[PDB]
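Worksheet for the structure shown next.
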Amino acid sequence: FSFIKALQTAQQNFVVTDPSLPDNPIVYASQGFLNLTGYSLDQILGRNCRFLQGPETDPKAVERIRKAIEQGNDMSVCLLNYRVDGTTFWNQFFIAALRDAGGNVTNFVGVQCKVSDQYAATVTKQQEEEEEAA
Ligand SMILES: Cc1cc2nc3c(=O)[nH]c(=O)nc-3n(C[C@H](O)[C@H](O)[C@H](O)COP(=O)(O)O)c2cc1C
(Lines give C-alpha, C1' and ligand atoms only; values in the text may rest on other atoms or scores of the structure.)
Protein backbone atom coordinates (compact mmCIF):
# COMPACT_ATOMS: atom_id res chain seq x y z
CA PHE A 1 0.00 0.00 0.00
CA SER A 2 2.69 2.46 1.09
CA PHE A 3 4.95 0.00 -0.71
CA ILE A 4 3.50 1.49 -3.89
CA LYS A 5 4.06 5.01 -2.53
CA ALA A 6 7.68 4.00 -1.86
CA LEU A 7 8.17 3.02 -5.51
CA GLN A 8 6.83 6.38 -6.72
CA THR A 9 9.27 8.37 -4.59
CA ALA A 10 12.06 5.98 -5.58
CA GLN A 11 10.97 6.83 -9.15
CA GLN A 12 10.81 3.17 -10.13
CA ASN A 13 9.55 1.50 -13.26
CA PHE A 14 6.47 -0.47 -12.24
CA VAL A 15 2.94 -1.48 -13.11
CA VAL A 16 0.07 -2.63 -10.93
CA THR A 17 -2.30 -5.24 -12.33
CA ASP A 18 -5.72 -6.45 -11.27
CA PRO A 19 -6.06 -10.25 -11.25
CA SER A 20 -9.83 -9.98 -10.54
CA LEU A 21 -10.25 -8.92 -14.16
CA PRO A 22 -9.87 -11.30 -17.09
CA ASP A 23 -6.22 -11.78 -18.14
CA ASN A 24 -4.77 -9.86 -15.17
CA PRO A 25 -4.60 -6.42 -16.86
CA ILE A 26 -2.58 -3.32 -15.99
CA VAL A 27 -4.53 -0.72 -14.01
CA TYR A 28 -1.60 1.59 -13.34
CA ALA A 29 1.77 2.33 -14.87
CA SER A 30 4.46 4.67 -13.53
CA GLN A 31 6.07 7.33 -15.70
CA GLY A 32 9.30 5.37 -15.41
CA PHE A 33 7.64 2.37 -17.01
CA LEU A 34 6.50 4.52 -19.93
CA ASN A 35 10.00 5.98 -20.30
CA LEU A 36 11.72 2.63 -20.20
CA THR A 37 9.39 0.88 -22.60
CA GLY A 38 8.28 3.71 -24.89
CA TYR A 39 4.58 2.80 -24.62
CA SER A 40 1.83 5.29 -23.84
CA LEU A 41 -0.89 4.75 -21.24
CA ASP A 42 -3.51 4.22 -23.96
CA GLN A 43 -1.46 1.43 -25.38
CA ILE A 44 -1.14 -0.53 -22.14
CA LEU A 45 -3.94 0.31 -19.71
CA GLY A 46 -6.31 -2.67 -19.50
CA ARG A 47 -3.75 -5.03 -21.09
CA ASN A 48 -1.62 -7.94 -19.84
CA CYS A 49 2.13 -7.19 -19.53
CA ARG A 50 3.24 -10.07 -21.79
CA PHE A 51 3.68 -7.55 -24.65
CA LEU A 52 7.11 -6.93 -23.09
CA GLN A 53 8.14 -10.45 -24.17
CA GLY A 54 9.62 -11.30 -27.58
CA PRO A 55 10.92 -14.20 -29.71
CA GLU A 56 14.19 -14.40 -27.75
CA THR A 57 12.69 -14.08 -24.29
CA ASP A 58 13.57 -17.21 -22.34
CA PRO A 59 10.28 -19.15 -21.98
CA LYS A 60 11.52 -20.82 -18.78
CA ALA A 61 11.75 -17.36 -17.20
CA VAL A 62 8.23 -16.45 -18.35
CA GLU A 63 7.03 -19.73 -16.84
CA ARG A 64 8.61 -18.86 -13.49
CA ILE A 65 6.63 -15.60 -13.51
CA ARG A 66 3.44 -17.49 -14.41
CA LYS A 67 3.72 -19.86 -11.43
CA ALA A 68 4.24 -17.05 -8.95
CA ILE A 69 1.13 -15.37 -10.31
CA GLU A 70 -0.85 -18.63 -10.07
CA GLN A 71 0.28 -19.07 -6.46
CA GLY A 72 0.07 -15.47 -5.35
CA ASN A 73 3.65 -15.15 -4.16
CA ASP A 74 6.77 -13.08 -4.84
CA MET A 75 9.68 -13.70 -7.16
CA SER A 76 12.41 -12.15 -9.24
CA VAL A 77 14.07 -13.07 -12.54
CA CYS A 78 16.31 -11.58 -15.22
CA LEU A 79 14.89 -11.87 -18.74
CA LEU A 80 14.91 -10.23 -22.14
CA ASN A 81 12.17 -7.67 -22.70
CA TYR A 82 11.18 -5.65 -25.73
CA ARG A 83 10.32 -1.96 -26.15
CA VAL A 84 7.54 -0.57 -28.38
CA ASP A 85 10.12 -0.05 -31.17
CA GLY A 86 11.24 -3.68 -30.79
CA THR A 87 14.59 -2.79 -29.23
CA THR A 88 15.55 -4.97 -26.30
CA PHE A 89 16.90 -4.55 -22.80
CA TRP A 90 17.77 -6.81 -19.89
CA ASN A 91 15.14 -6.71 -17.15
CA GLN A 92 15.79 -7.76 -13.58
CA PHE A 93 12.09 -8.21 -12.94
CA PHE A 94 10.45 -8.30 -9.53
CA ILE A 95 6.84 -9.22 -8.79
CA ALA A 96 4.84 -9.10 -5.56
CA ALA A 97 1.34 -10.32 -4.82
CA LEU A 98 -0.60 -7.79 -2.77
CA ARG A 99 -3.04 -9.31 -0.32
CA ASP A 100 -5.90 -7.64 1.54
CA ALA A 101 -6.45 -7.80 5.32
CA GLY A 102 -8.09 -11.22 4.92
CA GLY A 103 -5.10 -12.57 3.02
CA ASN A 104 -6.77 -12.49 -0.42
CA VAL A 105 -4.79 -11.39 -3.44
CA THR A 106 -6.02 -8.08 -4.83
CA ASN A 107 -3.12 -7.02 -7.05
CA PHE A 108 0.27 -7.72 -8.52
CA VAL A 109 3.09 -5.20 -8.65
CA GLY A 110 5.82 -5.68 -11.25
CA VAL A 111 9.00 -3.66 -10.96
CA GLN A 112 11.27 -3.39 -13.98
CA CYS A 113 14.97 -2.68 -13.60
CA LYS A 114 17.07 -2.31 -16.72
CA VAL A 115 20.40 -4.01 -16.12
CA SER A 116 23.75 -4.27 -17.87
CA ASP A 117 25.03 -6.94 -20.20
CA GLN A 118 27.66 -7.82 -17.64
CA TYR A 119 25.06 -8.17 -14.90
CA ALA A 120 22.69 -10.11 -17.14
CA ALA A 121 25.33 -12.59 -18.26
CA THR A 122 25.98 -13.60 -14.65
CA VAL A 123 22.37 -13.82 -13.48
CA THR A 124 20.97 -15.61 -16.56
CA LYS A 125 23.88 -18.03 -16.27
CA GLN A 126 22.96 -18.72 -12.65
CA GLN A 127 19.34 -19.09 -13.73
CA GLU A 128 20.32 -21.60 -16.40
CA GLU A 129 22.25 -23.58 -13.82
CA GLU A 130 19.25 -23.58 -11.46
CA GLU A 131 17.04 -24.83 -14.31
CA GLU A 132 19.59 -27.48 -15.22
CA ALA A 133 19.65 -28.61 -11.58
CA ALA A 134 15.91 -29.36 -11.43
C1 LIG B 1 2.36 -7.10 -12.21
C2 LIG B 1 2.92 -7.77 -13.43
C3 LIG B 1 3.97 -7.20 -14.13
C4 LIG B 1 4.52 -7.86 -15.22
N5 LIG B 1 5.63 -7.33 -15.85
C6 LIG B 1 6.31 -8.09 -16.79
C7 LIG B 1 7.54 -7.65 -17.28
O8 LIG B 1 8.05 -6.58 -16.90
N9 LIG B 1 8.21 -8.44 -18.19
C10 LIG B 1 7.70 -9.67 -18.57
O11 LIG B 1 8.27 -10.31 -19.44
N12 LIG B 1 6.51 -10.13 -18.06
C13 LIG B 1 5.80 -9.34 -17.18
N14 LIG B 1 4.63 -9.82 -16.64
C15 LIG B 1 4.26 -11.26 -16.89
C16 LIG B 1 3.15 -11.45 -17.92
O17 LIG B 1 2.14 -10.49 -17.72
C18 LIG B 1 2.51 -12.83 -17.79
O19 LIG B 1 2.00 -12.96 -16.48
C20 LIG B 1 3.54 -13.93 -18.07
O21 LIG B 1 3.93 -13.89 -19.42
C22 LIG B 1 3.02 -15.33 -17.72
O23 LIG B 1 1.65 -15.49 -18.05
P24 LIG B 1 1.15 -15.93 -19.53
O25 LIG B 1 1.69 -17.29 -19.89
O26 LIG B 1 -0.37 -15.99 -19.54
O27 LIG B 1 1.67 -14.96 -20.58
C28 LIG B 1 4.05 -9.12 -15.59
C29 LIG B 1 2.95 -9.66 -14.92
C30 LIG B 1 2.39 -8.98 -13.85
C31 LIG B 1 1.22 -9.58 -13.14
Side-chain angles (χ1 to χ4, degrees):
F1 51 100
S2 63
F3 173 57
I4 282 165
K5 194 73 183 49
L7 301 166
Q8 273 167 97
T9 54
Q11 283 160 5
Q12 296 294 291
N13 317 316
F14 71 98
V15 294
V16 183
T17 69
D18 188 345
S20 300
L21 297 171
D23 205 25
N24 193 17
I26 296 170
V27 291
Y28 174 85
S30 71
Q31 185 59 56
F33 180 89
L34 305 181
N35 295 349
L36 170 70
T37 63
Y39 291 96
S40 70
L41 285 174
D42 290 329
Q43 289 171 328
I44 68 186
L45 278 182
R47 289 163 226 218
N48 186 275
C49 290
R50 69 172 69 82
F51 60 80
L52 290 176
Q53 290 146 22
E56 280 165 28
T57 299
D58 185 1
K60 290 166 182 305
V62 170
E63 175 62 19
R64 280 175 61 191
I65 300 171
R66 193 185 283 124
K67 286 303 173 178
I69 284 161
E70 288 172 17
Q71 296 170 11
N73 55 29
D74 298 11
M75 59 82 70
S76 188
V77 66
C78 186
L79 39 35
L80 193 71
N81 278 172
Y82 288 67
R83 295 187 190 78
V84 61
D85 62 357
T87 60
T88 54
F89 61 100
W90 292 111
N91 184 0
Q92 181 64 65
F93 175 68
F94 171 76
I95 186 165
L98 302 186
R99 289 170 175 277
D100 67 16
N104 302 293
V105 177
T106 63
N107 298 95
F108 287 99
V109 180
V111 182
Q112 294 81 13
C113 303
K114 194 182 54 144
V115 289
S116 68
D117 290 340
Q118 185 183 339
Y119 175 107
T122 302
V123 181
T124 56
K125 177 180 284 188
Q126 300 179 358
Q127 287 167 179
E128 270 152 34
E129 292 162 356
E130 291 154 30
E131 295 290 0
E132 284 177 22

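In listed order, ligands and their atoms are each counted from 1. Along the sequence shown, the residues carry numbers beginning at 1.
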Between [X] and ligand 1, which part of the residue brings a heavy atom under 4.0 Å of the ligand: side chain, backbone, both or neither?
X	answer
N91	side chain
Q112	side chain
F93	side chain

Exercise. Where do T87 and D85 land on the side-chain hydrogen bond (donor to acceptor under 3.5 Å, both in side chains) test, with the steps shown first?
Worked result: CA-CA 6 Å; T87 60; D85 62 357; 2.7 Å; yes
Any atoms of ligand 1 less than 4.0 Å from a non-hydrogen atom of [X]? List them with their elements.
X	result
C49	3 (C), 4 (C), 5 (N), 6 (C), 13 (C), 14 (N), 17 (O), 28 (C)
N81	7 (C), 8 (O), 9 (N), 10 (C), 11 (O)
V15	3 (C)
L79	11 (O)
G110	1 (C), 3 (C)
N24	31 (C)
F108	1 (C), 31 (C)

For this session: Look only at interatomic distance and state if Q53 has a nitrogen or oxygen under 3.5 Å from any nitrogen or oxygen of ligand 1.
Result: yes
Exercise. Counting both backbone and side chain atoms, is some N or O of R66 under 3.5 Å from an N or O of ligand 1?
Worked result: yes
Exercise. Any side-chain heavy atom of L52 within less than 4.5 Å of one from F93?
Worked result: no
For this session: Please examine the side chains of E63 and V77, heavy atoms only from C-beta on, and report whether any two atoms are closer than 4.5 Å.
Result: no
Hey, any chance [X] and [Y] share a hydrophobic cluster, counting ILVMFWY side chains that come within less than 4.5 Å of each other, even indirectly?
X	Y	result
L36	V115	no
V16	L7	yes
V109	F94	yes
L34	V27	no

Exercise. Between the candidates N13, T57, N48, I65, which shows the shortest non-hydrogen contact distance to atom 16 (C) of ligand 1?
Worked result: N48
Exercise. Stepwise, does the side-chain contact (heavy atoms from CB on, under 4.5 Å) test hold for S76 with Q92?
Worked result: CA-CA 7 Å; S76 188; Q92 181 64 65; 2.7 Å; yes
Give the residue, atom name and distance (to 0.1 Å) of the protein heavy atom nearest [atom].
atom	answer
atom 26 (O) of ligand 1	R50 NH2, 3.1 Å
atom 7 (C) of ligand 1	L52 CD1, 3.4 Å
atom 30 (C) of ligand 1	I95 CD1, 3.7 Å
atom 19 (O) of ligand 1	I69 CD1, 3.2 Å

For this session: For the pair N13 (side chain) and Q112 (backbone), establish whether a donor and an acceptor sit closer than 3.5 Å, ignoring hydrogens and angles.
Result: yes
For this session: Verify whether the ring centers belonging to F14 and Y28 lie closer than 6.0 Å.
Result: yes
Exercise. Are there more than 12 heavy atoms of other residues, nucleotides or ligands under 6.0 Å from atom CD of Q118?
Worked result: no
